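Okay, so here's the structure we're looking at.
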Amino acid sequence: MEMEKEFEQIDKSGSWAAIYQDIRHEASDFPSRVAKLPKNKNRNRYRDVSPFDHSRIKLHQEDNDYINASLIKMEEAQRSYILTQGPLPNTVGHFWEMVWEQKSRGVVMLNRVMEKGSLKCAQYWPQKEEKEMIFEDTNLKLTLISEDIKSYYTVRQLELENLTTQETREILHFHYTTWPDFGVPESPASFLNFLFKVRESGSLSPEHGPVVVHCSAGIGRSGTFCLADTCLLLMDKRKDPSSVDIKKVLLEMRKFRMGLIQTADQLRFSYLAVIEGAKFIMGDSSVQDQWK
Ligand SMILES: N#Cc1ccc(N2CCCC2)cn1
């Protein structure tokens with residue numbers, strides 16, 4: 001079925017939980033043996049969220065190459081993403097090692113450091129220009145260059161230096177700051193505006209390594225971001241945009257990381273975002289919306 005009318009049909013019939021459970025039943029199950037080794041227990045935030053062996057990102061280290069991070073490679077859309085958990089106190093150096101080794105331009109953060117009164121990830125970037133961070137275990141230096149705070153998100157320019165070679169690179173930090181502590185946003189408008197800002201920066205483009213995207217576990221909000229992006233790109237590429245099947249795209253992405261989209265509310269929100277986004281992209285869109 002098409003998307004917008006399949007959407008109204010699920011709303012009127014109140015069957016979002018059944019649709020979502022079907023996805024959970026059909027999703028791939030692949031081994032994650034490296035994640036479960038005893039030496040990696042303090043490298044995982046949640047015992048039930050692990051990268052598959054076949055798609056995990058390897059650190060370029062001979063002692064321990066493990067990080068909780070997965071490469072999602074979308075062949076028809078020609079986009080790749082790295083989805084990862086929010087960094088832990090003992091993995092902030094590994095996180096920036098991955099950004100460096102994979103040649104990423106951008107980091108997309110979809111959570112706040114504290115939510116619901118508990119810590120959801122480490123404070124892994126510097127908050128003041130004159131107070132840089134040094135990660136001694138991986139030999140990297142990280143400096144805040146500039147910060148632009150807007151009503152729904154903040155963008156930061158960061159400098160990452162490999163202290164071994166003295167090479168430097170500019171990294172862009174895109175921080176969506178207004179996802180509610182409970183549930184999903186009422187409107188997808190600010191989330192879509194944010195997606196378009198990430199796109200406009202070059203961070204998703206083939207001349208760079210894959211974007212790194214995270215929330216707390218790296219499967220829920222993070223899954224919503226890459227699912228919406230890929231579906232909108234496919235609607236632009238294909239002769240028949242109504243052929244894009246969001247449930248089939250989600251199952252393809254779940255071949256590369258478990259658990260993407262954590263609730264039926266997140267599934268409904270993803271449909272809403274793609275539906276509204278497809279109108280702004282256009283044939284029915286103004287030439288001037290790219291400025292909206
Ligand atoms: N190309 C392009 C494009 C399309 C839409 C767009 N947005 C609509 C809402 C504000 C930003 C931006 N750029």
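Residues are referred to by chain and number: the chain letter is A, B, ... according to the order shown in the structure tokens, the number counts from 1 in that chain, and ligands are numbered separately from 1 in the order shown.
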Please identify all protein, DNA and RNA residues within 12 Å of ligand 1, counting only C-alpha atoms and all ligand atoms, and report them as a compact mmCIF listing (two decimals) with N, CA and C atoms, in the first residue's frame.
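Once written, pocket-v8.txt looks like this:
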# COMPACT_ATOMS: atom_id res chain seq x y z
N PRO A 188 6.64 16.43 13.50
CA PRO A 188 7.99 16.12 13.00
C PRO A 188 8.73 17.31 12.43
N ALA A 189 8.16 18.52 12.51
CA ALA A 189 8.73 19.64 11.78
C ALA A 189 10.14 19.99 12.24
N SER A 190 10.39 20.04 13.56
CA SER A 190 11.73 20.42 13.99
C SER A 190 12.76 19.32 13.73
N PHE A 191 12.34 18.05 13.82
CA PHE A 191 13.23 16.92 13.51
C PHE A 191 13.64 16.94 12.04
N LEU A 192 12.68 17.20 11.15
CA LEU A 192 12.99 17.30 9.71
C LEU A 192 13.90 18.49 9.41
N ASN A 193 13.61 19.65 9.99
CA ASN A 193 14.50 20.80 9.83
C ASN A 193 15.93 20.44 10.24
N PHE A 194 16.07 19.69 11.34
CA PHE A 194 17.38 19.24 11.81
C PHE A 194 18.05 18.29 10.80
N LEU A 195 17.29 17.30 10.30
CA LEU A 195 17.84 16.39 9.28
C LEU A 195 18.38 17.17 8.08
N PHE A 196 17.63 18.17 7.63
CA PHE A 196 18.05 18.96 6.48
C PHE A 196 19.32 19.76 6.79
N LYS A 197 19.47 20.24 8.03
CA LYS A 197 20.72 20.92 8.40
C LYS A 197 21.92 19.97 8.38
N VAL A 198 21.74 18.72 8.84
CA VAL A 198 22.83 17.75 8.74
C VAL A 198 23.18 17.51 7.27
N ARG A 199 22.17 17.31 6.44
CA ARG A 199 22.40 17.08 5.00
C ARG A 199 23.18 18.23 4.37
N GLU A 200 22.74 19.47 4.63
CA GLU A 200 23.35 20.64 4.01
C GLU A 200 24.82 20.81 4.36
N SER A 201 25.28 20.27 5.49
CA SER A 201 26.67 20.36 5.91
C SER A 201 27.65 19.48 5.14
N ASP A 229 15.76 9.52 6.78
CA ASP A 229 16.68 9.97 5.73
C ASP A 229 16.67 9.04 4.50
N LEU A 232 13.27 9.09 2.44
CA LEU A 232 13.15 10.31 1.64
C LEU A 232 14.07 10.30 0.41
N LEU A 233 15.31 9.81 0.56
CA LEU A 233 16.22 9.70 -0.59
C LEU A 233 15.67 8.75 -1.65
N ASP A 236 13.04 10.27 -3.84
CA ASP A 236 13.62 11.16 -4.86
C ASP A 236 14.25 10.42 -6.03
N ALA A 273 7.07 11.54 9.84
CA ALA A 273 8.19 12.34 9.35
C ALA A 273 8.41 12.17 7.85
N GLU A 276 5.42 13.96 5.85
CA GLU A 276 5.49 15.41 5.81
C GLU A 276 6.71 15.88 5.04
N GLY A 277 7.79 15.13 5.17
CA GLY A 277 9.02 15.49 4.51
C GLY A 277 8.89 15.40 3.00
N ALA A 278 8.12 14.43 2.51
CA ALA A 278 8.01 14.25 1.07
C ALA A 278 7.28 15.41 0.40
N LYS A 279 6.50 16.18 1.16
CA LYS A 279 5.77 17.32 0.60
C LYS A 279 6.66 18.53 0.50
N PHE A 280 7.60 18.65 1.42
CA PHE A 280 8.48 19.80 1.44
C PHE A 280 9.57 19.67 0.40
N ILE A 281 9.93 18.44 0.06
CA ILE A 281 11.01 18.21 -0.88
C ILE A 281 10.64 18.77 -2.25
N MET A 282 9.36 18.75 -2.58
CA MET A 282 8.91 19.23 -3.88
C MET A 282 8.31 20.64 -3.77
N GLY A 283 7.85 17.58 -6.24
CA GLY A 283 7.10 18.46 -7.12
C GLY A 283 6.06 19.48 -6.70
N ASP A 284 5.51 19.31 -5.51
CA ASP A 284 4.51 20.20 -4.98
C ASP A 284 5.14 21.25 -4.07
N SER A 285 6.46 21.24 -3.99
CA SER A 285 7.19 22.17 -3.16
C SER A 285 7.66 23.34 -3.96
N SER A 286 7.87 24.45 -3.27
CA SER A 286 8.34 25.68 -3.88
C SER A 286 9.84 25.57 -4.07
N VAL A 287 10.40 26.43 -4.92
CA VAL A 287 11.85 26.46 -5.09
C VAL A 287 12.48 27.06 -3.83
N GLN A 288 11.67 27.78 -3.08
CA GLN A 288 12.08 28.50 -1.89
C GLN A 288 12.00 27.78 -0.54
N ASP A 289 11.46 26.58 -0.53
CA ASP A 289 11.36 25.81 0.71
C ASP A 289 12.73 25.40 1.21
N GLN A 290 13.67 25.22 0.30
CA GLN A 290 15.00 24.87 0.75
C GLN A 290 15.53 25.94 1.70
N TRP A 291 14.81 27.04 1.80
CA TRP A 291 15.21 28.13 2.68
C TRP A 291 14.36 28.22 3.90
N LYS A 292 13.34 27.39 3.96
CA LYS A 292 12.41 27.39 5.08
C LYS A 292 12.94 26.74 6.35
Rank A:100, A:7, A:64, A:221 by their smallest atom-to-atom distance to residue 182 (chain A), using only C-alpha atoms, and report the top residue only.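 Going through A:100, A:7, A:64, A:221 one by one, the smallest distance to residue 182 (chain A) is for A:221.
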Just the helix (DSSP H, G or I) stuff from region 65-186 of chain A, please, per backbone DSSP, written as a compact mmCIF listing (two decimals) with N, CA and C atoms, in the first residue's frame.
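Result file is out.txt:
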# COMPACT_ATOMS: atom_id res chain seq x y z
N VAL A 92 35.07 6.97 25.96
CA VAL A 92 35.12 8.23 25.21
C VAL A 92 36.34 8.28 24.29
N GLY A 93 37.48 7.74 24.72
CA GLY A 93 38.64 7.68 23.84
C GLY A 93 38.43 6.76 22.64
N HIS A 94 37.79 5.61 22.86
CA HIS A 94 37.43 4.72 21.74
C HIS A 94 36.51 5.41 20.73
N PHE A 95 35.51 6.14 21.23
CA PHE A 95 34.57 6.86 20.37
C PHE A 95 35.29 7.79 19.38
N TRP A 96 36.21 8.65 19.88
CA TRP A 96 36.90 9.56 19.00
C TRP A 96 37.93 8.85 18.12
N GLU A 97 38.50 7.74 18.60
CA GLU A 97 39.34 6.89 17.75
C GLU A 97 38.56 6.40 16.52
N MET A 98 37.31 5.94 16.73
CA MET A 98 36.45 5.51 15.63
C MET A 98 36.17 6.65 14.65
N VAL A 99 35.78 7.82 15.16
CA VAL A 99 35.53 8.97 14.29
C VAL A 99 36.74 9.25 13.39
N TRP A 100 37.93 9.23 13.99
CA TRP A 100 39.18 9.47 13.25
C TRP A 100 39.42 8.38 12.19
N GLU A 101 39.37 7.11 12.62
CA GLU A 101 39.75 6.00 11.73
C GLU A 101 38.77 5.81 10.58
Backbone DSSP call of strand (DSSP E) for region 61-254 of chain A, listed as a ChimeraX atom specification: /A:66-74,79-84,106-109,114-115,118-119,133-135,140-149,153-162,168-176,211-214
Which residues of region 203-253 of chain A sit at most 12 Å from region 263-268 of chain A, using only C-alpha atoms? Give each one's shortest atom pair and distance in Å (one decimal place), in chain and ascending residue order, as CSV.
residue,atom,partner,partner_atom,distance
A:219,CA,A:263,CA,10.6
A:220,CA,A:266,CA,7.4
A:221,CA,A:266,CA,7.7
A:222,CA,A:266,CA,10.6
A:223,CA,A:266,CA,9.1
A:224,CA,A:266,CA,7.1
A:225,CA,A:266,CA,10.6
A:227,CA,A:267,CA,9.9
A:228,CA,A:267,CA,10.5
A:246,CA,A:267,CA,9.5
A:247,CA,A:267,CA,9.1
A:250,CA,A:267,CA,9.6
Tell me which protein, DNA and RNA residues are within 7 Å of region 23-36 of chain A, counting only C-alpha atoms, leaving out same-chain ones fewer than 6 positions away, and put them as a list in words.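 Here the qualifying residues turn out to be residues 50, 51, 52, 53, 251, 254 and 255 of chain A.
Residue nearest residue 121 (chain A), chosen from A:216, A:230, A:55, A:146 and counting only C-alpha atoms: A:216.
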Would you pick out the contacts of residue 161 (chain A) at 7 Å or less, using only C-alpha atoms, so that residues sharing its chain but fewer than 4 positions from it are not included, and give the list as a ChimeraX atom specification? /A:140-142,166-169
Output file for the residues above (N, CA and C atoms, as a PDB file, in the first residue's frame):
ATOM      1  N   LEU A 140      44.546  11.350  21.317  1.00  0.00           N
ATOM      2  CA  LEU A 140      43.803  12.347  20.563  1.00  0.00           C
ATOM      3  C   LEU A 140      43.557  13.586  21.422  1.00  0.00           C
ATOM      4  N   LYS A 141      43.496  14.736  20.753  1.00  0.00           N
ATOM      5  CA  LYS A 141      43.133  16.001  21.374  1.00  0.00           C
ATOM      6  C   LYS A 141      41.912  16.580  20.682  1.00  0.00           C
ATOM      7  N   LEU A 142      40.998  17.131  21.474  1.00  0.00           N
ATOM      8  CA  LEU A 142      39.717  17.635  20.971  1.00  0.00           C
ATOM      9  C   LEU A 142      39.469  19.037  21.524  1.00  0.00           C
ATOM     10  N   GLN A 166      50.245  14.560  14.326  1.00  0.00           N
ATOM     11  CA  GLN A 166      49.979  15.995  14.320  1.00  0.00           C
ATOM     12  C   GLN A 166      49.001  16.409  13.232  1.00  0.00           C
ATOM     13  N   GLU A 167      48.374  15.454  12.547  1.00  0.00           N
ATOM     14  CA  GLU A 167      47.285  15.774  11.630  1.00  0.00           C
ATOM     15  C   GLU A 167      46.073  16.286  12.406  1.00  0.00           C
ATOM     16  N   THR A 168      45.334  17.209  11.776  1.00  0.00           N
ATOM     17  CA  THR A 168      44.095  17.756  12.331  1.00  0.00           C
ATOM     18  C   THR A 168      42.940  17.621  11.341  1.00  0.00           C
ATOM     19  N   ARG A 169      41.720  17.554  11.878  1.00  0.00           N
ATOM     20  CA  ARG A 169      40.496  17.552  11.082  1.00  0.00           C
ATOM     21  C   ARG A 169      39.374  18.303  11.778  1.00  0.00           C
TER      22      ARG A 169
END
Using only C-alpha atoms, which residues sit within 12 Å of residue 89 (chain A) once same-chain residues fewer than 2 positions away are excluded, as a CSV table (one decimal) with N, CA and C atoms, in the first residue's frame?
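See out.csv below for the written result:
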chain,number,residue,atom,x,y,z
A,42,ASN,N,32.4,-3.7,30.4
A,42,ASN,CA,32.4,-2.3,30.7
A,42,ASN,C,32.4,-1.4,29.4
A,43,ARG,N,32.3,-2.0,28.2
A,43,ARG,CA,32.2,-1.3,27.0
A,43,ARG,C,30.8,-1.3,26.4
A,44,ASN,N,29.9,-1.9,27.1
A,44,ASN,CA,28.5,-1.9,26.7
A,44,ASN,C,27.6,-1.3,27.8
A,45,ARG,N,26.7,-0.4,27.3
A,45,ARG,CA,25.8,0.3,28.2
A,45,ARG,C,24.7,-0.6,28.7
A,86,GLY,N,25.5,6.0,23.3
A,86,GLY,CA,26.2,7.1,23.9
A,86,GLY,C,27.5,6.6,24.6
A,87,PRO,N,28.6,7.4,24.4
A,87,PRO,CA,29.8,6.9,25.0
A,87,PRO,C,29.7,6.8,26.6
A,91,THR,N,34.8,4.6,27.5
A,91,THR,CA,34.8,4.5,26.0
A,91,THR,C,34.9,5.8,25.3
A,92,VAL,N,35.1,7.0,26.0
A,92,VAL,CA,35.1,8.2,25.2
A,92,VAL,C,36.3,8.3,24.3
A,93,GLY,N,37.5,7.7,24.7
A,93,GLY,CA,38.6,7.7,23.8
A,93,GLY,C,38.4,6.8,22.6
A,94,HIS,N,37.8,5.6,22.9
A,94,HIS,CA,37.4,4.7,21.7
A,94,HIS,C,36.5,5.4,20.7
A,95,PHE,N,35.5,6.1,21.2
A,95,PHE,CA,34.6,6.9,20.4
A,95,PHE,C,35.3,7.8,19.4
A,119,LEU,N,22.0,9.8,34.1
A,119,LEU,CA,23.0,10.1,33.0
A,119,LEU,C,22.8,9.1,31.8
A,120,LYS,N,22.6,9.7,30.7
A,120,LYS,CA,22.4,8.9,29.4
A,120,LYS,C,23.6,8.7,28.6
A,121,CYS,N,24.6,9.6,28.8
A,121,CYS,CA,25.9,9.4,28.1
A,121,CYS,C,26.9,10.3,28.8
A,122,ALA,N,28.2,10.1,28.6
A,122,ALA,CA,29.3,10.9,29.2
A,122,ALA,C,29.3,12.3,28.5
A,123,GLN,N,29.9,13.2,29.2
A,123,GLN,CA,30.2,14.6,28.6
A,123,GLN,C,31.5,14.4,27.8
A,124,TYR,N,31.3,14.1,26.5
A,124,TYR,CA,32.4,13.6,25.7
A,124,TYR,C,33.1,14.6,24.8
A,135,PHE,N,42.6,12.7,25.3
A,135,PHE,CA,42.3,11.3,25.5
A,135,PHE,C,43.6,10.5,25.5
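In this structure, CA of residue 269 (chain A) sits 22.1 Å away from CA of residue 154 (chain A).
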